[PDB]
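One-letter residues, chain by chain:
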Amino acid sequence: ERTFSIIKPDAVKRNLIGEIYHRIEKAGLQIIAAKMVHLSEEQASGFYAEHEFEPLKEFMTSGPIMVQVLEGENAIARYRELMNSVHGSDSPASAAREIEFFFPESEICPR
Amino acid sequence: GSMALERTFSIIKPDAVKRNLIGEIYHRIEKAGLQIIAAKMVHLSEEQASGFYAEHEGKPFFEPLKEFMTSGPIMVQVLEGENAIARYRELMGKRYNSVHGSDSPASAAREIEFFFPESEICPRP
Amino acid sequence: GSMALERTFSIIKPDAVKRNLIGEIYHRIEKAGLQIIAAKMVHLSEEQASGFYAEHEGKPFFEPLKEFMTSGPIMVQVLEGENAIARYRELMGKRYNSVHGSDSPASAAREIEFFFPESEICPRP
Amino acid sequence: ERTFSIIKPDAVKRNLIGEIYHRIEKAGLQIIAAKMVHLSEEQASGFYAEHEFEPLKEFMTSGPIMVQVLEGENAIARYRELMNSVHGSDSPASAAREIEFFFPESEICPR
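Residues numbered from 1 in each chain as written, not as in the entry; some residues may be left out. Chains lettered and ligands numbered in written order. Heavy atoms only, no water. Residues with missing side-chain atoms left out of burial classes, pairs and counts.

For this coordinate set, the PDB header names X-ray crystallography as the determination method and states a resolution of 3.060 Å.

Structure, rendered in structure tokens:
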């Protein structure tokens, strides 16, 4: 069971990537895929297409973000209880749509 | 607007990724003034590890060095900041270390262009 | 002499104040029949932003919500008119919006008394 | 260099606050302090004490006004050329006396 995560530009700009990652790896999850992308207007619209909103697109494109896929025994529940400032999948099959939006299988690295 | 701005390359070897130390290493880098402007997790292969470490083909330790960097996923980043070459080198102290870092600007330029195209480097502003 | 008279509270968040959109937002409010009977520009603090949004202390998004409303000066106003609650809500469409507005009379009463005393409300006649 | 401004009760009553503010922010100035006050007989007399007149006090107290402080590179000249119906400082040190009459430093918000 794998979940999805997004580090908003507030934490990336304030240099908080290590704290967010360290608070997870100590909780049991494992970063099995990650990359830093700077979303565009069309990119942020596609991931947030279930709204159609405008002020949210401007903030998510105001700087680079840290996208990552997390693995672990029961992650959707463990992740949501760990943590706005950070994104996280609410239910399964919602993580599958968000993971496939940013990650092909060739970019996912099982341990 | 200092001209001491420079970027350095960094790799978190599979032993630290398998042990889940990615966050602990990132925190030590960020706490030293450096900033991650480009990063991704990749799993090297025989073909890719041979190209990066191609300067050590004739050495009798190539076949294992290639075999260590392909035993698990790694984490490669581009660290930016004032005197980032020396600052990041001082963080780890100075072949099979816990982390990788560039030792010179020409080495940093050649090693960044191997893993990251310019379209994957994200300026902070 | 309609009894549909009511007042609503409004905040222009620092992103719109820093971008110099105060006049553009005022014009859209005035062109919809509403009138500004009380207004002032303040710069919130950790202590003041915590009191206004005190209903969201346990939520994990409090610390940043407090940090956004204190990153720059804001503009707080009292808009008056017939059905001003729904008219102003319809202007913006319906947490981190371009502008703030009351959603109910009890919310408008509690939010006006936090920023404006009665001695700062100016009736139009 | 900051200047001073007063929106007379004619524009406030006619709902012209947005037009006056929009015509300024598009000109380069920035509203760094503002509040709506209803002047009294003693208030209007103090701000207009350099006369001592009577019909002017009655008009400036016949309704609420919009006081504001404006900031920008060379504002006294830029403001006077933008614009009776609206007040504005004529020279520097005349804005300092008018700003201090309505605004303590605790009410002025630099960006």
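Chemist: Looking at this structure, I do not really get the interface of chain B and chain A. What am I missing?
Modeler: For interface size, the figure often reported is the accessible area lost on association. Contacts between chain B and chain A engage 26 residues on the former and 25 residues on the latter. Mapped by element, the contributors of at least two residues to the side of chain B that touches chain A are α1 (14–18), α2 (22–30) and β2 (35–42) of chain B. The element that contributes the greatest number of residues to the side of chain B that touches chain A is β2 of chain B, accounting for eight residues. Here the side of chain B that touches chain A is built from residues that sort into 15 nonpolar, five polar and six charged. (Contact = heavy atoms within 4.5 Å. Helix = DSSP H or I, 4+ residues; strand = E, 2+ residues; numbered from the N terminus. Nonpolar A, V, L, I, M, F, W, Y, C, P; charged D, E, K, R; others polar.)

Chemist: Help me understand the packing of helix α2 (residues 22–30) of chain C against helix α2 (residues 17–25) of chain D in this model?
Modeler: Helix-helix packing is described using two parameters, namely the angle between the two axes and the distance between the axes. At a minimum axis distance of 7 Å, the contact between α2 of chain C and α2 of chain D shows a crossing angle of 155 degrees. When the axes of α2 of chain C and α2 of chain D are compared, the pair comes out roughly antiparallel. Of the two possible hands of crossing, α2 of chain C and α2 of chain D adopt the one that is left-handed. On α2 of chain D, the residues that touch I22, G23, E24, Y26, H27 and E30 of chain C of α2 of chain C are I17, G18, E19, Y21, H22 and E25 of chain D. Its residues assigned to classes, the contact of α2 of chain C with α2 of chain D comprises four nonpolar, four polar and four charged. (Axes fitted to C-alpha atoms, helices over the stretch in contact; angles between N-to-C directions. Parallel < 35°, antiparallel > 145°, perpendicular 65-115°, else oblique. Left-handed = near helix turned anticlockwise from the far one by under 90°.)

Chemist: Even after reading the chapter, I still don't get the side chain of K13 of chain C, so can you show me in this structure?
Modeler: If you trace the backbone, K13 of chain C turns up in the loop between β1 (5–12) and α1 (14–18). Separated by 3.4 Å, the side chain of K13 of chain C and the backbone oxygen of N97 of chain C make a polar contact. (Polar contact = N/O pair within 3.5 Å; in protein donor to acceptor, adjacent residues only side chain to side chain.)

Chemist: Looking at this structure, I do not really get the interface of chain C and chain D. What am I missing?
Modeler: Contact with chain C, which involves 26 residues of that partner, is made by 25 residues of chain D. Contributing elements (two or more residues each) for the side of chain C that touches chain D: α1, α2 and β2 (35–42) of chain C. With eight residues, the top contributor of residues to the side of chain C that touches chain D is β2 of chain C. Considered class by class, the residues forming the side of chain C that touches chain D number 15 nonpolar, five polar and six charged.

Chemist: Could you clarify how one ought to interpret the packing of aromatic side chains in this entry?
Modeler: In this description, a pair of aromatic rings is defined by centroid distance and the angle of the planes. Their ring planes at 20 degrees and their centres at 5.7 Å tell us that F4 of chain A and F102 of chain A sit as a pair that is stacked. With a centroid separation of 5.6 Å and an interplanar angle of 50 degrees, the aromatic rings of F52 of chain C and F114 of chain C are classed as tilted. Among the aromatic residues, ring-to-ring pairing joins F9, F52, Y53, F114, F115 and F116 of chain B into one connected group. When the ring centre of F103 of chain A is taken as origin, the NZ or CZ atom of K35 of chain A, which lies over that ring, is 5.0 Å away. (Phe/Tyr/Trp six-rings, centres within 6.5 Å; stacked < 30°, edge-to-face > 60°. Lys NZ or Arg CZ within 6 Å of the ring centre and 35° of its normal.)

Chemist: It is not clear to me how the pairing of strand β3 (residues 65–71) of chain D should be interpreted in this structure. Could you clarify?
Modeler: Residue and element names in this part refer to chain D. Pairing analysis gives six bridges linking strand β1 (residues 2–7) to β3, with the strands arranged antiparallel. Counted as the bridge partner of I6 is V67 from β3. Pairing geometry for strand β2 (residues 30–37) and β3, over seven bridges, is antiparallel. Within the sheet, the bridge partner assigned to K35 lies in β3 and is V67. (Pairing = 2+ DSSP bridges.)

Chemist: It is not clear to me how the pattern of salt bridges should be interpreted in this structure. Could you clarify?
Modeler: Opposite charge on two side chains makes pairing possible when the charged atoms of those side chains draw close. Residue and element names in this part refer to chain B. Note that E46 and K66 form a salt bridge whose closest N and O atoms lie 2.6 Å from each other. Linking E46 in helix α3 (residues 46–52) with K66 in helix α4 (residues 62–68), this pair joins segments that are 20 residues apart in sequence. Salt-bridge contacts for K66 lead to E63; the nearest nitrogen and oxygen are separated by 3.4 Å. Here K66 and its partner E63 are both found in helix α4, three residues apart, which amounts to about one turn of the helix. One connected set of salt bridges, linked through shared partners, spans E46, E63 and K66. (Salt bridge = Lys/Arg side-chain N within 4 Å of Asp/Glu carboxyl O.)

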